[PDB]
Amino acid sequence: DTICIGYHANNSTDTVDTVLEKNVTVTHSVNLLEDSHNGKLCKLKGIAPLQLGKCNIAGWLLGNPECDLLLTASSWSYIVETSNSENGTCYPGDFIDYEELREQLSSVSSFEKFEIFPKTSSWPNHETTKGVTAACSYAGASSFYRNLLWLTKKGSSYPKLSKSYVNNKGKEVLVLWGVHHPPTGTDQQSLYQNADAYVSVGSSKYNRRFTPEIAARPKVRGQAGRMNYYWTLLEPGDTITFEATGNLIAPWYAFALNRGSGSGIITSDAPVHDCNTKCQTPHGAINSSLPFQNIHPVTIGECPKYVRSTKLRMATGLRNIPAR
């Protein structure tokens, strides 16, 4: 009669590492590292992401002709640019505080586009047509931004213009506009008609006075002239007043914004699909409850802490010794 004390074993081939010894076969163990994604960009809370396509934030918000599919967009879970998002600012020039504007869009869940200054009723004393360019061509013909209006002189006359807008939308109104800088003094007259023009813009927290920087520059997209893009969030109840004697790319359409955390902008070439997830990465979605993942640093939703590790297996059972 005997009795022996011993321990468990099995066919498990799971190896873990310790500080003293590597590749130690154990009987049980949990994996802490998620490394399997979806390969697909999915919805979040049932709401689909916004594909920009061959367009970037600038193009979309400005109304670049190549970005007409996006005119419909009103709500999104997150915004997605790609490797080919190059259609942004078709007329050469600076987009002042562009990176900052993007940072703002990051906390926007949706907006309500609207005509802030109706093109066919806001400018009785100025040329509302003729404001097109080969740089912004559409369908083979010269065109322009869909959300902006390039004003010009009405038969050799450009009377000072004043035009205000009061915010009654009960939210922030994103107002964009531009100031044109001709190459020569000749073009300045042909366009505006006043050689010494100016553009002034004022709200409760915004006050700035732009003046034409006439100069000769290398042609970019066939333009020696430049166009500088500006913006501002108009607060609920606040007025914004435009004054100009020329060079004004007036706002046509605006955006009444809706805030919402948990949003953001990613760059991905992965395809969008009709699926739902609580975690999104540039490579794909993640359906897991593991503490870690080595897929991607960039994340949207509730995700596991990103880590460089290749393997994070922690032991739960004992050292495995079948000794058959």
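All residue numbers refer to positions in the sequence shown, first residue = 1.
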Higher of the two mean Cα B-factors (212 to 220, 190 to 198; per PDB record) comes from 190 to 198
Average Cα temperature factor in the PDB entry - higher stretch of 122 to 130, 233 to 241 | 122 to 130
If you check the C-alpha B-factor for each of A58, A256, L41, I266 in the entry, which is highest?
-> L41
Based on the PDB record, which member of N64, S288, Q293, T299 exhibits the highest Cα temperature factor?
-> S288
Of the three thirds of the chain ranked by Cα temperature factor, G155 occupies the highest
Ranked by Cα temperature factor within the chain, is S109 in the lowest third, the middle third or the highest third?
-> highest
Place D68 in the lowest, middle or highest third of its chain's C-alpha B-factors, as listed in the PDB entry.
-> lowest
Ordered by C-alpha B-factor within the chain, which third holds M314? Give me lowest, middle or highest, please.
-> highest
Modelled-residue ranking by C-alpha temperature factor, third containing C279 = middle
